[PDB]
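Enquirer: before I ask anything, here's the sequence and the deposited coordinates:
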Amino acid sequence: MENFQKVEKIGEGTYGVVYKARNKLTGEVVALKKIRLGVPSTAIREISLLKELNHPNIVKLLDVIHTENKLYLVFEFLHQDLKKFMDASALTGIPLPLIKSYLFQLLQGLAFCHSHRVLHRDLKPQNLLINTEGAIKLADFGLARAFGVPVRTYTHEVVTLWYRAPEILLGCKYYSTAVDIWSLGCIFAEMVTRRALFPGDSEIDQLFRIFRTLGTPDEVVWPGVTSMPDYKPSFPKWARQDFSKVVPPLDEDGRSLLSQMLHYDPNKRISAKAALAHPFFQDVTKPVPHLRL
């Protein structure tokens, strides 16, 4: 539209292409997501919902514009995503106080969403955006299957399984807020180690990498697991590996928190609100990253 002047393409999302743009009138600089293609009532009002969802740690959805066979999502613009910051910090690692600040802020964001009855569903470093003032924000919230598959985007681009909760992988249709805690645990481990916790290249490889590390789940640690739609008694039975080899050299408070975020049983997995009270955050501060923009 002529409301916005394209600056550059900044990404190709899971629903459409994203541009940096400026409001041709106000001069405001925003991120503009363009999705080609009635618009589902299921969607049209769960999206207009997301506009009400305002929090310092959630990327502000400024406007939703349905026009000429397209839907535009107008967002506040941030400096950089977490994935880029992680790749640029790979030599020395992100300093623990910054890791801790980011984790704390994201748990605040999640606690807010979840208390509002909103799930993200697709948490990953790519979907987290940061600024110069040390803030980190949840971006590109996943739609409830309003867009599922459908096969792909109406466009190209492969999807990451690395942060998917095991109950999703096992066919649970009615998964809960616990799925975001799982993904955030995986992101936490990755910030610490500089390397993806569970980098699977297929759904079964993803599952089996989780099992190989955390032990194949059974009715002891996860009641009802063997009755899950995609569970197979033929799954190999791996022993749980000791947790100290998983995220060294993270301290015991960190490891304790992470283990509670990676509980197999979604009903025993720690909540975002309870995680905020974990001793790990007793000395939490808000450092600023050094950002090359």
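Expert: Received the coordinates, thanks. Residues are numbered from 1 along each chain as shown.

Enquirer: do you know how far residue 166 is from residue 82?
Expert: 23 Å (C-beta to C-beta, to the nearest Å). Where you see a C-beta, it was placed from the backbone N, CA and C, and this is true even at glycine.

Enquirer: one more: residue 108?
Expert: The gap separating residue 108 from residue 82 is 16 Å, by C-beta to C-beta.

Enquirer: name the residue in those two with the higher neighbour count.
Expert: For residue 108 versus residue 82, the count of surrounding residues by other C-beta atoms under 10 Å is larger for residue 82: 24 against 20.

Enquirer: how about the contacts made by that one?
Expert: Listed by C-beta atoms under 8 Å, 6 or more residues apart in numbering, the contact set of residue 82 reads 102, 125, 126, 128, 129, 130, 136, 187.

Enquirer: run through the bridge partners of the fourth one.
Expert: Just to be clear, that refers to residue 128. residue 138 (DSSP bridges).

Enquirer: tally of neighbours for it?
Expert: Neighbours of residue 128 (other C-beta under 10 Å): 27.

Enquirer: you'd agree it is up against residue 135?
Expert: No: between residue 128 and residue 135 there is no contact under C-beta atoms under 8 Å: 10.7 Å.

Enquirer: off-centre distance for the helix ranked longest in the chain?
Expert: Using DSSP state H to define each element, the chain has its longest helix at helix 96-115. Mean-position distance between helix 96-115 and its chain equals 11 Å (C-alpha atoms, centre = their mean, to the nearest Å).

Enquirer: name the residues that touch that helix?
Expert: If you take C-beta under 8 Å, 6+ apart as the criterion, helix 96-115 is touched by 53, 55-58, 82, 94, 119-120, 128, 130, 134-138, 141, 177, 180-181, 184, 187-188, 191-192, 271-273, 275-276, 280-281, 283-287, 289.

Enquirer: what residues of it count as buried?
Expert: Buried residues in helix 96-115, counted by 16 or more other C-beta atoms under 10 Å: 96, 98-114.

Enquirer: same thing with stretch 187-200?
Expert: Residues of stretch 187-200 classed as buried: 187, 188, 189, 190, 191, 192, 196, 197, 198, 200 (neighbour count, 16+ other C-beta under 10 Å).

Enquirer: mind giving me the domain split of this protein?
Expert: As given by curated CATH domains, the domain ranges for the chain are 1-79, 80-290.

Enquirer: tell me which of the ones you listed sits most buried.
Expert: Counting by mean count of other C-beta atoms under 10 Å, domain 80-290 has the highest mean neighbour count of the domains of the chain, with a mean of 17.

Enquirer: and that one, how far out from the chain's middle?
Expert: Here domain 80-290 is found 7 Å from its chain centre; the criterion is C-alpha atoms, centre = their mean.

Enquirer: first-to-last residue distance for it?
Expert: Between the opening and closing residues of domain 80-290 there is a gap of 12 Å (C-alpha to C-alpha, to the nearest Å).
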